[PDB]
Structure formats: structure tokens, C-alpha cells
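Here is the structure we will look at, set down as C-alpha cells.
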Amino acid sequence: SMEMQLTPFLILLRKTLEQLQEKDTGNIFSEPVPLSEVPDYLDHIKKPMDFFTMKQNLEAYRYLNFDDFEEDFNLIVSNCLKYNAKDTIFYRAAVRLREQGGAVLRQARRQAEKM
Ligand SMILES: Oc1cccc2ncccc12
């Protein structure tokens with residue numbers, strides 16, 4: 001809205017990002033998928049995403065509404081479901097992050113709406 005302030009919103013996004021990273025207990029989404037180990041990754045995945053990149057986007061003022069932030073989170077999840085077979089831990093880790101992280105995201109968006 002007209003009066004919504006930037007700094008409390010960024011503080012909220014930082015806290016939310018930390019809470020989401022806590023759900024990724026193996027830290028498999030902490031840094032970009034290592035393209036040197038996965039040379040076919042970009043054949044399947046058009047926009048890689050990870051929590052370090054999200055932190056850099058946050059601090060570069062690229063996230064100005066909650067959708068901007070949640071869309072990149074959803075890329076982390078959807079890219080991982082798309083690339084990895086269902087019988088892998090990586091696939092299940094994306095399911096777990098979607099489920100547990102969705103709860104973090106709903107409460108955070110509610111706080112943003114009060115701003
Ligand atoms: O190394 C990784 C971490 C998280 C997700 C991945 N998805 C495909 C290939 C490698 C991955």
C-alpha cells in the first residue's frame with residue numbers, strides 16, 4: 001500500500017528465509033545446483049534457484065512484495081521435483097520443503113499483509 005515501509009518488510013523476508021533454510025536440514029538447497037556435476041541440468045531447468053541466490057536478490061532489493069520472494073522459493077521446489085526421480089531423497093526433500101516451508105510462508109505473508 002501507500003504507507004508500507006521497505007525496512008520492516010526486508011527484515012521479515014530475512015527472518016522468513018532463515019526459517020525456510022532451517023527446514024532444508026541437509027542444506028541441499030543452500031547453494032546453486034553444481035552445474036559442473038550436472039551438465040544436463042539446464043536442458044530441463046530454465047531458471048535454477050537456491051537460498052544463497054535468494055539472499056542476494058533480497059539484499060539487492062529485488063523482492064518488493066511477498067510474491068517476488070515466494071516465487072523464487074517455489075522455483076527451488078519445482079526445479080527439484082522436475083529434475084530428480086521420485087524414488088530419490090532429493091525429490092522427497094523438495095516435497096518436505098514444500099510442505100514445511102509452505103507453513104512458514106503463509107504466516108510470513110500474513111505478517112506482510114498487516115504492514
Ligand atoms: O545437488 C543438488 C542439490 C539440490 C537439488 C538438485 N537437483 C538436481 C541435481 C542436483 C541437486
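Coordinate-derived values only; no laboratory data. All Cβ positions, even for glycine, are placed from backbone atoms using ideal geometry, and neighbour counts span all protein chains on display.
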Of (1) within 22 Å of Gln111 (Cα to Cα); (2) near the ligand (Cβ under 10 Å from one of its atoms), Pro8 satisfies all except one. Which? (2)
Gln111 is checked against (1) within 16 Å of the ligand (Cβ to nearest atom); (2) in contact (Cβ under 8 Å) with a residue 24 or more places away in the chain and fails just one. What number does that condition carry? (1)
Residues in the stretch 14-30 that are surrounded by fewer than 13 Cβ atoms within 10 Å (Cβ to Cβ), within 10 Å of the ligand (Cβ to nearest atom) and either hydrophobic (A, V, I, L, M, F, W, C) or within 11 Å of the chain's Cα centre (by Cα) (or both): how many? 1
With loosely packed, with under 10 Cβ neighbours inside 10 Å, among the hydrophobic types (A, V, I, L, M, F, W, C) and either under 19 Å from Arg98 (Cα atoms) or out of contact with any helix residue (DSSP H, G or I) (no Cβ under 8 Å at 6 or more places or on another chain) (or both) as the only criterion, which of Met54, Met2 stands out? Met2
Which residue, of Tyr91, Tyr61, is of a type in the set (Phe, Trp, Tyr), within 16 Å of the chain's Cα centre (by Cα) and within 16 Å of the ligand (Cβ to nearest atom)? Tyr91
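A quick yes/no check of all residues on (1) touching a helix residue (DSSP H, G or I) at 6+ places or on another chain (Cβ under 7 Å); (2) polar (S, T, N, Q):
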| residue | (1), (2) |
| --- | --- |
| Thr16 | yes, yes |
| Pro34 | no, no |
| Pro39 | no, no |
| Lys47 | yes, no |
| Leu58 | yes, no |
| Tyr63 | yes, no |
| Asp67 | no, no |
| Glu70 | yes, no |
| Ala103 | no, no |
List the number of the failed condition for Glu3; all other conditions in (1) in contact (Cβ under 8 Å) with a residue 40 or more places away in the chain; (2) over 17 Å from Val95 (Cα atoms); (3) acidic (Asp, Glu) hold. (1)
From the residues in the stretch 39-58 that are without any contact (Cβ under 8 Å) to a residue 40 or more places away in the chain and over 30 Å from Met4 (Cβ atoms), which one is farthest from the ligand (Cβ to nearest atom)? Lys46
